[PDB]
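[1] this one's experimental. Sequence and coordinates below.
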Amino acid sequence: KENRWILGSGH
Amino acid sequence: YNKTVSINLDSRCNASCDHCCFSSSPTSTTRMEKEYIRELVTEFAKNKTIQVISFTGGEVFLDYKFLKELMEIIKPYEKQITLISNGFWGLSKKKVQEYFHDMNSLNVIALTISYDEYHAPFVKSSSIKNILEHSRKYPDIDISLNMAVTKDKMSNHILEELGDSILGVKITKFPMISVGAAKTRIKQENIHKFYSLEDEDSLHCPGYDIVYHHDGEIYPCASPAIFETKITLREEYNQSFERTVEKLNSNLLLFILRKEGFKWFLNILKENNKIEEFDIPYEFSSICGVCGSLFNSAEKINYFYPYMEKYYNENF
Ligand SMILES: Nc1ncnc2c1ncn2[C@@H]1O[C@H](CSCC[C@H](N)C(=O)O)[C@@H](O)[C@H]1O
Ligand code: SF4
Ligand code: SF4
């Protein structure tokens, strides 16, 4: 998702 | 928007990708002071509402001792951590073993690895494979592979050369945001265009996510496009997270953007014949591309002020 583009995110 | 927070640790990177939204390189000097970052991390760890702290850059593993020290400040408070990296450190399997052991003992719930044709001149394919393969031993860490692509560089061979190391890994190929090095080093004809000024009913921001950026400012999201805008949530050097959240929730521009979408701002520019004057692009790779072009100067933001004031008096 765009709002968390430059970040690691859980599935 | 107070359950997650991100810190951009530094603009310094071992790579110098031609698309980089921050133009990161080994000689990049933009960063917040280390002691200031220790204080932000301590505050976020002590905060009762924050559940997830994310680190980004730049390359966060470049100064690993400082990253591990920040992860250790958070440890007694049991907050979840996410990391994103170019995986340069994957060159050594022993180094990979050490870092996965640390991430697992420091509540790192997600690791995103970026690899594509733009990252390839700086990191070997084998380094990425080492990280992807060892991650199988840590099923509680959600692993992702992010690939930034253009029409001339679609990363079709990168994926084949990664072999079976990508099995079970979530892969997302995404287009470029025309910011930073992508503005001058990539031909605009090579950036995919999925949206136009006419399909405005699809231009809605996916949601806010607070980022304390390496330029010392605070942004309402982590999209590459936001960092070129003048939308900041910082009003002073020592600002609490409660104040940051209060400002995000009382920002009239961001409230109007969330409730009405980009078409509210685009229709004002069309009505007043300011599309050419503001250099609004006709086509774009994503919804964030409109965002950047509407608000990437103080003149542009201020321009909307009387219309936002009228909206506030009419509604509320
Ligand atoms: N102009 C741009 N458009 C789209 N994605 C971009 C971009 N500039 C950088 N990115 C992506 O933003 C993500 C975080 S960049 C910082 C983290 C790290 N150096 C890394 O490379 O992962 C990376 O996946 C990168 O490819
Ligand atoms: S995209 Fe990531 S690895 Fe490439 S220059 Fe930017 S910060 Fe460094
Ligand atoms: S750049 Fe704009 S549209 Fe994209 S995530 Fe950030 S606030 Fe939302």
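    Cool, got the structure. Residues are numbered from 1 along each chain as shown, chains lettered A, B, ... in the order given. Ligands and ions are numbered 1, 2, ... in the order given.

[2] what about residue B:219, neighbour count?
    Using other CB atoms under 10 Å in any protein chain shown, residue B:219 has 23 other residues around it. Heads up, the C-betas are built off the backbone N, CA and C, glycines and all.

[3] near chain B, which residues of chain A?
    Listed as neighbours of chain B in chain A under the rule CB under 8 Å from any CB of the partner chain: A:1, A:2, A:3, A:4, A:5, A:6, A:7, A:8, A:9, A:10, A:11.

[4] close to ligand 3, is stretch B:6-21?
    No: if you take CB under 6 Å from any ligand atom as the test, stretch B:6-21 misses ligand 3, and the best it gets is 10.9 Å.

[5] name the nearest residue to residue B:173, sequence neighbours excluded.
    Once flanking residues are discounted, residue B:173 sits nearest to residue B:147: 4.6 Å by CB to CB, 6 or more residues apart in numbering or on different chains.

[6] just want the most central residue of chain A.
    Nearest to the mean C-alpha position of chain A, counting by CA atoms, centre = their mean, stands residue A:4 at 3.2 Å.

[7] re the thing from before, make a PyMOL selection of whichever of the residues of chain A next to chain B turn out to be buried.
    A single PyMOL command selects the buried members of those (16 or more other CB atoms under 10 Å in any protein chain shown):
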select buried, chain A and resi 2+3+4+5+6+7+8+9
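
[8] output stretch B:139-156 as CSV, nothing but the C-alphas.
    C-alpha atoms of stretch B:139-156 as CSV (Å, rounded to 0.1, in the frame of the first residue of the first chain):
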residue,chain,number,x,y,z
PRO,B,139,8.5,-18.1,9.9
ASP,B,140,7.3,-15.4,12.3
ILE,B,141,9.1,-12.7,10.3
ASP,B,142,7.0,-11.7,7.3
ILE,B,143,9.4,-11.4,4.3
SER,B,144,8.6,-9.3,1.2
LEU,B,145,10.5,-8.5,-2.0
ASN,B,146,9.8,-5.0,-3.3
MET,B,147,10.8,-4.4,-7.0
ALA,B,148,10.7,-0.9,-8.4
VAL,B,149,10.3,-1.1,-12.2
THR,B,150,10.1,0.9,-15.4
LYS,B,151,9.0,-0.2,-19.0
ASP,B,152,12.6,-0.6,-20.0
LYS,B,153,13.6,-2.3,-16.7
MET,B,154,10.9,-4.7,-15.6
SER,B,155,13.1,-7.0,-13.5
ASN,B,156,12.1,-10.1,-15.4
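
[9] where exactly do the strands run in chain B?
    For chain B, the strands defined by DSSP state E occupy B:4-8, B:52-56, B:80-85, B:108-114, B:142-148, B:170-174, B:195-196, B:211-212, B:218-219, B:283-284.

[10] before we move on, what about chain A?
    In chain A, no segments count as strands under DSSP E.

[11] state the distance from residue B:217 to residue B:278.
    Residue B:217 sits 22 Å away from residue B:278, going by CB to CB, to the nearest Å.
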